[PDB]
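What follows is a set of notes on a single structure, which appears directly below.
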Amino acid sequence: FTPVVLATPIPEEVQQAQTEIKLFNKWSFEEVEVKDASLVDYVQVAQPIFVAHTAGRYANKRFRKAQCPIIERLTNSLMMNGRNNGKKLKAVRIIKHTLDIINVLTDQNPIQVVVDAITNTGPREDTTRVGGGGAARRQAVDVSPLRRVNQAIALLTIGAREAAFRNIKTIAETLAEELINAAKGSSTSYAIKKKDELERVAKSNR
Amino acid sequence: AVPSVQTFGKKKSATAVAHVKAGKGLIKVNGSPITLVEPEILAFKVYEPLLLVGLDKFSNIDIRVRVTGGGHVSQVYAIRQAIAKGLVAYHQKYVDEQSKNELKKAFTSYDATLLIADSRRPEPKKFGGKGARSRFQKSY
Amino acid sequence: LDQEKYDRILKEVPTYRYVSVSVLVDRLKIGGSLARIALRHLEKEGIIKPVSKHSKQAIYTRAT
Amino acid sequence: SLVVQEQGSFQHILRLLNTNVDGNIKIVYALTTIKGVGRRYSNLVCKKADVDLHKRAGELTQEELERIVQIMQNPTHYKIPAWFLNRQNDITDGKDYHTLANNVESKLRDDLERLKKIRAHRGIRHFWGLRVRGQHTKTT
Amino acid sequence: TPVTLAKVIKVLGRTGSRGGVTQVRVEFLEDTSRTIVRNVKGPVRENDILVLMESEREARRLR
Amino acid sequence: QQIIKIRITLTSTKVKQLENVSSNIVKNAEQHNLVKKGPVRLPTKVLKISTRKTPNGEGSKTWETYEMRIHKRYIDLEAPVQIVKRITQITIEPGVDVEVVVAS
Amino acid sequence: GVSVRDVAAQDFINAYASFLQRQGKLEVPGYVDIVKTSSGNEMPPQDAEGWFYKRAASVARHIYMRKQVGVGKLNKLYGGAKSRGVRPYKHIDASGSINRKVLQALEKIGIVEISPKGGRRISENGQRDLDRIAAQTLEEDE
Amino acid sequence: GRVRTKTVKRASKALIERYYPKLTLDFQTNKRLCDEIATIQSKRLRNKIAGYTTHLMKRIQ
RNA sequence: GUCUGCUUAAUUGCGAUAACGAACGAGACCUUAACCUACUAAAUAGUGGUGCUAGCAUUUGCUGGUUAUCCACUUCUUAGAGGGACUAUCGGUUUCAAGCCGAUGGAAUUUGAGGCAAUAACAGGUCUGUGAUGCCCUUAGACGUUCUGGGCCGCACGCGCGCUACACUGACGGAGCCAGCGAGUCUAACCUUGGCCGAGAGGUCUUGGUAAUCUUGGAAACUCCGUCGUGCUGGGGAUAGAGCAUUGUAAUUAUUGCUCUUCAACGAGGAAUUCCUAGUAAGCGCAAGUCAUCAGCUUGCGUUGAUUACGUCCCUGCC
């Protein structure tokens with residue numbers, strides 16, 4: 001379907017791939033959606049990144065954290081463990097990996113199972129520190145859904161991190177070993193074995 | 001004659017020079033065309049703008065982009081601005097005027113840099129403490 | 001390294017779908033130094049068909 | 001290129017200088033479970049030697065155990081450039097030589113007890129159990 | 001496990017010692033005209049669909 | 001009539017005497033009509049001597065950044081041994097240095 | 001029509017490396033297996049080999065890319081920082097020696113030359129020998 | 001903040017008395033004018049007088 | 001006068017007022033980072049055109065090399081003059097006062113940032129910077145001067161400031177392969193290439209450079225292409241044995257480095273408790289300040305670069 005014939009052959013593989021089409025031309029963001037009502041509105045499915053980097057003026061305006069592409073509040077977290085602190089290009093050479101080890105293992109739309117590790121991974125029934133005295137109760141109150149997803153990424157990063165940690169497994173195989181088992185969530189993961197562990201510290205205090 | 005018109009590029013440090021003339025195909029960056037990107041993961045940064053539009057348009061439009069300033073990712077927007085910049089400097093001086101309006105409603109959508117370079121500064125440093133808003137240790 | 005480590009390997013790593021070198025130390029356990037070898041070997045029409053990149057990860061896979 | 005079919009002459013622990021070695025470890029070390037040798041005299045006695053640098057410590061012809069006990073101990077002969085060295089000028093017996101396994105432990109020893117006969121300050125500050133290089137250590 | 005999804009109407013006044021709590025009305029999306037006044041924890045607005053499996057505790061204003 | 005291609009190289013601490021001298025310069029020389037350029041205008045050096053404020057450790061750690069900002073400024077000018085000398089003598093002034101690095 | 005630029009930064013590396021491995025002319029200086037290149041590397045080059053024929057296409061593509069330079073220039077380039085250990089990590093300038101001797105061996109055939117102002121300029125051959133071999137490394141990409 | 005000042009108000013409030021007629025809200029036509037009238041220090045100060053004024057003729061009507 | 005109130009980064013300003021109008025501070029001002037396709041010039045910055053030219057195409061093309069082959073340029077890169085922004089323009093929001101949001105244009109939270117920093121002081125520190133200096137003491141068996149040797153580096157331990165790491169989101173390796181702040185030799189040894197000798201650490205011949213003119217355009221995080229495969233490892237690099245080097249009259253209480261082997265803890269850090277609102281937090285480097293050397297510090301820069309608010313008086317602290 002029409003190869004440009006410009007000396008400089010700038011691809012006919014990444015020309016039929018991204019002319020016919022938008023979006024990162026490995027994963028098609030194209031009939032992939034969200035299945036809950038609450039975390040629509042507060043989790044971009046995608047404005048087109050044709051890669052997984054925007055300057056990023058996301059915290060001036062008290063909200064736009066919203067407008068922030070999910071994929072690039074993720075690579076965002078990983079950003080740590082302190083020593084890397086700064087490295088985004090190590091963090092996209094790692095999640096540009098992650099989306100191939102979900103596609104490969106399940107056989108899914110993996111950018112969706114990326115999204116289903118969001119709404120499922122969110123703590124709703126959550127506590128707060130009432131002050132209150134020397135001792136009081138964590139009046140149990142359901143976060144906005146704003147906060148929720150702040151946690152739903154935050155959680156996931158503090159347990160697929162120890163898994164490489166004296167580990168044969170290179171976060172690419174533990175991250176996708178968390179999201180497949182965190183959406184099926186299961187409890188072989190770390191959210192649905194803390195998310196539940198905060199529901200479950202509240203259900204009393206309440 | 002030559003028909004040439006033409007521009008600069010600017011993101012936090014350096015420049016490019018799009019010499020957008022009349023030839024046959026080419027898109028030379030640093031003495032090395034764009035298939036040959038440079039920090040080859042970001043590689044897709046510049047690949048959006050040839051296709052964000054017809055790889056159709058840029059057959060006509062020849063860009064020898066020299067790239068100085070500004071560590072590797074600085075200039076990446078500087079050479080992005082400049083292929084669009086002039087995208088409308090060709091589509092302003094040369095190719096009409098609604099071809100700058102059909103564009104900029106394509107190119108305005110990622111509503112990003114692309115067209116308008118970044119604003120943000122590095123903050124000056126001070127006395128006492130080390131990157132910027134840091135104050136030295138405390139005592140008692 | 002003896003001769004029920006390579007033929008456990010090849011009859012187990014044609015339709016064995018997801019692989020690496022963390023895949024041969026957790027499934028076939030000892031080695032790794034060697035492993036990135038009897039995987040990659042060949043690449044005879046009946047070993048692994050990959051979507052692998054560089055060095056730093058070698059993410060391989062199914063001939064079919 | 002494959003899993004190499006290692007027969008048992010894979011032999012599974014090794015013994016070089018009485019001083020232990022392990023036998024399915026990637027060599028240059030293994031020559032490093034030793035005194036007085038460490039991946040630099042080790043990547044010469046293997047290049048001046050007909051070696052593998054990727055073989056293990058068990059997988060060792062013996063013509064490659066006795067040539068690799070042998071360059072070791074000799075020093076100037078299979079080009080050992082003498083700056084390459086520790087017993088740099090004896091200064092008691094010159095000499096161009098190597099202080100080894102059992103022997104870096106009784107020569108560490110015999111260098112302190114040509115300056116404790118003296119009564120000076122390179123082996124009297126080793127003598128008070130506290131350090132000779134000039135600093136103030138208290139923390140440690 | 002019955003989930004009642006309740007929509008926030010009127011964000012009211014700030015609370016808590018540390019400003020960790022807003023107050024909150026809510027309009028029950030899924031039974032409109034009910035208009036209960038719970039609490040929540042977040043940096044809120046009007047229209048944050050809000051999630052409660054606890055239908056209902058109706059809450060009172062915490063130092 | 002021996003021609004010479006002189007080069008005029010200035011420096012001061014005030015942008016107001018100084019600018020004064022390539023207005024006077026290049027219009028006490030286009031009177032003379034000379035073959036010249038226009039007041040070239042060289043990167044602004046610009047010294048910041050950090051110093052603490054106190055006379056004695058004591059006292060918070062409480063510092064200064066005083067500096068001379070020159071505006072370096074040069075020119076051109078042909079003309080024999082007669083009408084570069086009548087030009088160098090005239091601009092005559094407070095604040096300022098003129099060299100005549102001559103090009104015979 | 002067919003460039004050194006039009007082609008990548010490690011195929012030309014490994015496909016002039018297996019050209020200058022299999023030329024024999026190239027000479028190979030006597031402290032070019034042992035000796036640590038750079039002194040903060042502990043490890044010399046992990047090849048021990050014809051890094052010398054991988055530093056013979058680097059050096060060489062590197063010249064031509066610019067005008068002229070070398071030996072106290074390929075002195076600031078090939079090393080990196082330092083491993084000071086404990087002491088906050090520090091640049092270290094190689095050893096002018098090996099490429100002060102490939103630069104006097106490239107001098108031999110007609111690849112690299114001495115640029116007037118002086119020091120290494122590729123000749124007029126030389127370049128002939130890099131536009132022949134950027135078009136033989138463009139067809140392992142094609 | 002964004003909170004206005006005396007020198008400013010009391011400079012527009014003196015002005016607004018005489019010059020309601022030349023008077024406007026395109027404030028970029030006052031800015032010019034507001035020099036021919038006041039004898040102002042600054043450029044910044046001046047751009048904050050007329051800002052206020054335009055906050056008079058936009059509510060006066 | 002110097003204030004109920006509203007106002008701000010602010011005794012910063014409208015307004016209320018037997019209080020009228022001024023001085024210092026703050027702000028104004030000076031430094032630097034941004035912008036000027038208008039000026040003024042550049043074989044110590046670079047363009048095309050020009051040959052001379054070295055390759056691939058042969059299609060005129062594409063890829064070069066050339067401190068002069070010539071010139072012509074001045075976006076670039078430097079840098080002088082200069083200009084330029086005031087929260088501007090409507091819209092709101094208010095005592096329709098001072099002010100505060102938002103969206104457009106814009107290069108552009110006090111434009112960012114420092115530096116100067118009254119009023120009164122503190123018995124804070126310092127005669128161990130002084131040939132600034134009171135008064136005591138010292139004056140040749142001196143507490144003054146100087147050749148040596150060790151000493152401030154001595155450890156069961158108590159307390160701060162810090163470096164690498166508990167991984168496959170990493171460690172090892174080829175192969176891509178990228179800045180900015182500097183500095184620098186003169187009366188003599190500061191930077192060193194290049195081209196050799198050394199596995200290396202280096203050695204050296206010889207070279208340039210009082211420096212946009214030389215080393216000096218090639219720094220690391222990384223993209224490359226993979227080996228390692230959940231094995232305290234192929235994370236960890238402790239402590240050790242020798243040699244070989246490179247300085248230093250002195251290398252011992254190994255100044256550093258290399259060459260190879262010994263393979264110490266720790267498997268994410270309790271009662272505590274810091275610093276931080278934008279190129280900001282933090283990590284990967286390097287040039288200077290020492291200096292003969294020996295940085296795990298001091299300063300300064302950039303190259304990648306986000307979370308989180310953009311608000312309160314719960315606290316402390318001070319007004």
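Each chain in the structure tokens gets a letter, A, B and so on, in the order shown; residues start at 1 in every chain, and ligands are counted from 1 in the order they appear.
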Can you tell me which residues surround residue E:52 at a distance of at most 8 Å, considering only C-alpha atoms (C1' of nucleotides), apart from same-chain residues fewer than 3 positions away, and format the answer as a list in words?
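So, after excluding close chain neighbours, the residues are residues 124, 125 and 142 of chain A; 3, 4, 5, 6 and 55 of chain E.
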Only N, CA and C atoms, please: the residues just picked out, written as a short mmCIF file (atom, residue, chain, number, x, y, z; two decimals), in the first residue's frame.
```cif
data_model
loop_
_atom_site.label_atom_id
_atom_site.label_comp_id
_atom_site.auth_asym_id
_atom_site.auth_seq_id
_atom_site.Cartn_x
_atom_site.Cartn_y
_atom_site.Cartn_z
N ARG A 124 -9.70 0.72 48.19
CA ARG A 124 -10.86 1.61 48.39
C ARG A 124 -11.08 1.91 49.89
N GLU A 125 -11.78 1.03 50.61
CA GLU A 125 -11.90 1.17 52.07
C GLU A 125 -10.69 1.42 53.01
N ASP A 142 -13.46 6.31 51.57
CA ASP A 142 -12.86 5.43 50.57
C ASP A 142 -11.83 6.21 49.75
N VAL E 3 -21.41 -3.85 46.38
CA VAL E 3 -20.78 -2.53 46.16
C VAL E 3 -21.80 -1.48 45.71
N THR E 4 -21.94 -0.42 46.51
CA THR E 4 -22.80 0.71 46.18
C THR E 4 -21.92 1.89 45.76
N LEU E 5 -22.01 2.26 44.48
CA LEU E 5 -21.16 3.30 43.90
C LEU E 5 -21.88 4.64 44.09
N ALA E 6 -21.33 5.51 44.93
CA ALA E 6 -21.98 6.78 45.29
C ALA E 6 -21.22 8.01 44.77
N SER E 55 -22.89 0.61 52.66
CA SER E 55 -23.96 1.38 52.03
C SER E 55 -24.06 2.82 52.54
#
```
Would you give me, as CSV, each residue of chain I having an atom within 6 Å of an atom of chain A, along with its shortest atom pair and that distance in Å to one decimal, using only C-alpha atoms (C1' of nucleotides) and sorting by chain and residue number?
```
residue,atom,partner,partner_atom,distance
I:167,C1',A:165,CA,4.5
I:168,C1',A:170,CA,2.4
I:169,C1',A:94,CA,5.3
I:229,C1',A:168,CA,5.2
I:230,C1',A:168,CA,2.9
I:235,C1',A:166,CA,5.8
I:282,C1',A:85,CA,5.2
I:283,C1',A:85,CA,5.7
I:305,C1',A:86,CA,5.1
```
Exercise: stretch 42-50 of chain E partners within 9 Å, only C-alpha atoms (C1' of nucleotides), chain neighbours under 3 positions left out, as a PyMOL selection string
(chain A and resi 37-39+62-63+142-148) or (chain E and resi 5-11+20-22+26+29)
Rounded to one decimal place, report the atom CA of residue B:138-atom CA of residue D:137 distance in Å.
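Separating atom CA of residue B:138 from atom CA of residue D:137 is a distance of 25.8 Å.
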Neighbour list for stretch 17-20 of chain A as number ranges by chain, cut-off 12 Å, only C-alpha atoms (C1' of nucleotides), skip fewer than 2 positions in-chain
A: 1-4, 11-15, 22-28, 48, 50; B: 44, 47-56
Contacts of residue C:1 at 12 Å (only C-alpha atoms (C1' of nucleotides); same-chain gap of 3+ positions) as JSON, numbers by chain
{"C": [4, 5, 6, 7, 8, 9, 28, 29, 30, 31, 32, 33, 34, 35, 38], "D": [2, 3, 4, 5, 6, 7, 8, 10, 12, 24, 25, 56, 59]}
